[PDB]
Amino acid sequence: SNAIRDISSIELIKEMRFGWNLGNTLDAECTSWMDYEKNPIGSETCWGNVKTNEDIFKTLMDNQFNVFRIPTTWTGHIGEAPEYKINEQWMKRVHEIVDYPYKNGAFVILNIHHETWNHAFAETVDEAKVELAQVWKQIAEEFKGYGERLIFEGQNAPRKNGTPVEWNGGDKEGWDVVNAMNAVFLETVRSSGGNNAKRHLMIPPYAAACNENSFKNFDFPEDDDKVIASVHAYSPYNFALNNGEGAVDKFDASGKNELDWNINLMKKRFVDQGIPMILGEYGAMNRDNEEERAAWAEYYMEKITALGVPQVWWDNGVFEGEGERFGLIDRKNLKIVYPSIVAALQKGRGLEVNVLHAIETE
Ligand SMILES: OC[C@H]1O[C@@H](O[C@H]2[C@H](O)[C@@H](O)[C@H](O[C@H]3[C@H](O)[C@@H](O)[C@H](O)O[C@@H]3CO)O[C@@H]2CO)[C@H](O)[C@@H](O)[C@@H]1O
């Protein structure tokens, strides 16, 4: 089945309800202690998530999720330079997981994620561009026959890791590198075989940041209507993403102001300019505050739905402890842990509320 619809991204995006990330899974990176030679697909579970199965996705699809992002870290599974051959058992497992939502008719986003080699520094950009082309040549070849519901996202949050400008929008060095890398990704996939000339491709601004500086220095192609801007927006910060000092457990007036500001940024940079965009990651972590988060999620969803922009929940499988607690589905037991959040996504999207597989009330 190698058919692909010839459809613009803006038209295709209309078919998207809302999404879910298979977080802390194929993106988990454990090369400091795991032997990837003896465990070539072991990294999937090395951050504590269960082995992925189709029923995780069917549980979510029952709740009207129809976009599934598969964040994938290829670092550790890549052969030596300059061929950068991807381990074939790893590629097969990535392929099995893409197929869980894809063969059930949903949208799938496959990316490159926690890579050590695509950092946004001019020092290494010549080498990083070669590795990016080699990696995407192989991904594009493996999935060349897939239709329009399989989307490639060329980079995740390329940035100047470990610098003062890592998380505040970047600087000119970082913007030029991210743009050059995005161009290599687009060219590599467009130049490849099969349906890839008509595949929908996502590219991020620097760090995928919802930021004035990142947005303003983001190059976007003017002659390719099947390219999509990839943005991440865990907004407002202290309520949604702050895992240290200053975190708040209520979505208050100042938090709404901050969220409204960033949504308006997306409107002015992308929506008003006819640039297709997807919020590929967002979420608010568990602070024993499900109703605060449900109200925030319904408001966020309603506002971006009025702009035609879909969003994709970041679910890293973590519910308690010191880590970031973005879990939404209990993958082991196939239960929605926060049913009022899922109800908020449905209601805010304009859908009928029907939360299936909810956990019992304790
Ligand atoms: O517990 C296992 C490891 O967790 C690592 O933290 C991860 C968070 O749990 C996860 O929520 C976060 O998700 C990122 C996403 O990958 C990224 O694309 C986006 O820019 O931000 C999201 C929210 O922060 O990923 C991190 C990994 O970077 C710990 O860092 C690690 O020590 C620990 O072993």
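Atoms considered below: every heavy atom in the structure, side chains included; atoms not considered: hydrogens, waters and symmetry mates. Numbers here simply count residues along the sequence, with the first being 1.
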*With a cut-off of under 6.0 Å to the ring centre and 45° to the axis, is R269 in cation-pi contact with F218?*
no
Any chance [atom1] of [X] has more than 12 other-residue heavy atoms, nucleotides or ligands included, within less than 6.0 Å?
X    : atom1 : answer
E291 : CD    : yes
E96  : CD    : yes
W261 : CH2   : no
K198 : NZ    : no

Would you check if the side chain of [X] reaches a backbone N or O of [Y] as a donor-acceptor pair within less than 3.5 Å?
X    : Y    : value
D27  : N24  : yes
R325 : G323 : yes
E292 : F251 : yes
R199 : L150 : yes
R93  : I41  : no
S8   : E11  : yes

*asked:* Under 4.0 Å between a side-chain nitrogen and a carboxylate oxygen: does that hold for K256 and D260?
replied: yes
*asked:* Check this for me, if you would: do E290 and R293 make a salt bridge, where the nitrogen-to-carboxylate-oxygen distance has to be below 4.0 angstrom?
replied: no
Heavy-atom distance under 4.5 Å between the side chains of [X] and [Y], does that happen here?
X    : Y    : value
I112 : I139 : yes
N182 : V178 : yes
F326 : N21  : no
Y300 : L259 : yes
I329 : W20  : yes
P82  : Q134 : no
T59  : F65  : no

*According to the interplanar angle, ranging from 0 to 90°, do the rings of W74 and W90 count as parallel (below 30°), tilted (30 to 60°) or perpendicular (above 60°)?*
perpendicular
*Relative to the ring of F215, is the ring of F270 parallel (under 30°), tilted (30 to 60°) or perpendicular (over 60°)?*
perpendicular
*For side chain to side chain donor-acceptor pair (under 3.5 Å), just list the numbers for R287 and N242, CA-CA rounded to whole Å, side-chain angles, deciding distance to a tenth of an Å, and then say yes or no.*
CA-CA 11 Å; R287 314 187 190 279; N242 193 337; 5.9 Å; no
*asked:* Suppose clustering is done on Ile, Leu, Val, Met, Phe, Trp and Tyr with side-chain heavy atoms closer than 4.5 Å. Which residues sit in the same group as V318?
replied: none
*For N118 and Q155, what are the C-alpha separation, side-chain angles and deciding distance, and is it a side chain to side chain donor-acceptor pair (under 3.5 Å)?*
CA-CA 8 Å; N118 70 333; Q155 305 188 91; 3.0 Å; yes
*Identify which one of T72, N49, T52, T25 satisfies the side chain to side chain donor-acceptor pair (under 3.5 Å) criterion when paired with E44.*
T52
_Intermediate values then yes/no, side-chain contact (heavy atoms from CB on, under 4.5 Å), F239 and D252_ = CA-CA 9 Å; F239 175 76; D252 56 23; over 6 Å; no
_Run the salt bridge (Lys or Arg N to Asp or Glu O under 4.0 Å) test on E281 and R69 for me, step by step, so that the C-alpha distance in whole Å, both residues' side-chain angles and the decisive distance to 0.1 Å come before the verdict._
CA-CA 9 Å; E281 295 187 21; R69 187 162 171 264; 2.9 Å; yes
_For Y282, run the ring pair (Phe, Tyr, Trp, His ring centres under 6.0 Å) check against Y237, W314, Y234, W296 and tell me which one passes._
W296
*Using the ring pair (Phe, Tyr, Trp, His ring centres under 6.0 Å) rule, take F68 and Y102 through it: C-alpha gap first, then chi angles, then the decisive distance, then the call.*
CA-CA 9 Å; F68 296 96; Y102 183 93; over 10 Å; no
*CD of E29 to OG1 of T75: how many Å apart, nearest 0.5 Å?*
6.5 Å
